[PDB]
């Protein structure tokens, strides 16, 4: 029912079965023990389920281009068997795969990093070495070498990565390129590197080889490029020999969100659409395309010739086969949380997925029939229970999922109500449908007791959490409201608010209470307006002259925490800054190193910088953490019954949804 999505594309010398490309994703397996074998199975499954063309994670052409010391690299015929193992696994399934050639430029977290000029990145501790003319020529030959090897390894093509602020991208902008050389100055010299790279690659591999160039169409940084430059380069790259041009949005330094959940679906399709007609090469659009209808609509509307989807393939390898068979409701949607994927590879760990713990770990987490069937009982329909339930039932076990609420979801029913997190609705729709599919007997409105119902071979407690009630003097005062009272029970909240407890929930509560109106997470034009994106792309880096336009918060909010470190420091590495910037632009205040005296009619008495203060607030919201709820933990052990604890009722400290699901999933696959 997605005609455009599944239409073949003729590339002259070969054909792609459909218009879907699995976007490049550095998984961290590239430079891992048995990565070759794990990536092979990782990719084969996506190819087995329809992906027309896959683009591997970025791989360095030389040594100065790696991402982190010891990073993935392809510069020796010796590494061919590695990749051969991968291309062959994909080909056996009837798919295709291209290798991305990426040189991280001034972004590599390594001392020997090289760039067009000696200009330190705002997010890198190292100062790059300004490349010399002869070094650049060698790099250009290195890219060709890289492609030669990829082709030898059996890849269907390569992607020359010229965006996100990496090396090639850096040569293009005057923000990073200040050379007086022939590789700097006017735009014609600045393009020289990108064009020369693709031209050297084309010559080296011949005509029958797919060459993708990921063009940066929206830098999102001061002194970035203009649309006129974007167009000239695109046509230049076409003439250089590229087969396909892919879209690149933003730089890592960009202070505007490009892939996180607050980013609306298909938020940047309009950008790729602006290039249409300026080149004859097929164009791929990307970012936050996680639904078959959205992708199909983008294609049918003519926004692009192909759509790229990276994270959705971590979330569900069967995304396309389900789409093509009318089972879109069974798609485990990527919610753009970045928690298990981007946040992890950023700290040098293997990427995974919050809703799919098996992502990039399918070989190490096999789903065997069933050691031997059993009649199980799961208490709690939160992500912990849900993950275990459908995974155990798909194994053959009989599962009975109980939950005191009128609907499955647990805390996710609160999370989904936070502006910029409505994507959570999808995960619940998915589990709701998978319950039916795997045969899980669901029983809602059931508050289970250690006695009431327990004739099960084994029990799996996935009960929740108990919000923390800080022992502050006057904690029962009328002004005091827990986060549940505000978020779940919609309790009235005055104009002036003090929030006790920063970190996760505290930030979401503040997002909610400061919401100026409708969320831009569902309004492309609004999102672009709030973040200062220039729709004409005529401004350098596509930044509107008037800058950001985040509305004022309808309320006066102050967030507080006792630790002295910067509030929000413990949030997700790639998403915390977004929320922090949003809140601060809305006028919310965040104060560290706070001591709470008491709560009375005068408000909230505290101590800041060693001086007492009275916060004349209309309400004090408690977001002071959680503690595990094990109500049935002992009543079950004191009843000689085998019981298991997963998710929040086992650990509440740093137990978010990822640990919850991975835990329930691990139990489910073992039991």
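Numbering follows the first chain given and starts at 1.
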Between 244-252 and 179-187, point out the one with the higher average CA B-factor as the PDB entry records it.
179-187
When the C-alpha temperature factors are averaged for each of 37-45 and 610-618, which stretch ends up with the higher value in the entry?
610-618
So among 554, 593, 282, 266, who wins on Cα B-factor in the entry?
554
If you compare 446, 579, 199, 433, which has the highest Cα B-factor in the entry?
446
Using only modelled residues of the chain, where does the Cα B factor of residue 646 rank: lowest third, middle third or highest third?
highest
Which third, lowest, middle or highest, does the CA B-factor of residue 636 fall in along this chain?
highest
Based on the entry's values, in what third of the chain does the Cα temperature factor of residue 657 lie: lowest, middle or highest?
middle
Classify residue 119 as lowest, middle or highest third according to the C-alpha B-factor given in the PDB entry, relative to its own chain.
highest
Position of residue 58 among the chain's modelled residues by C-alpha B-factor, lowest, middle or highest third
lowest
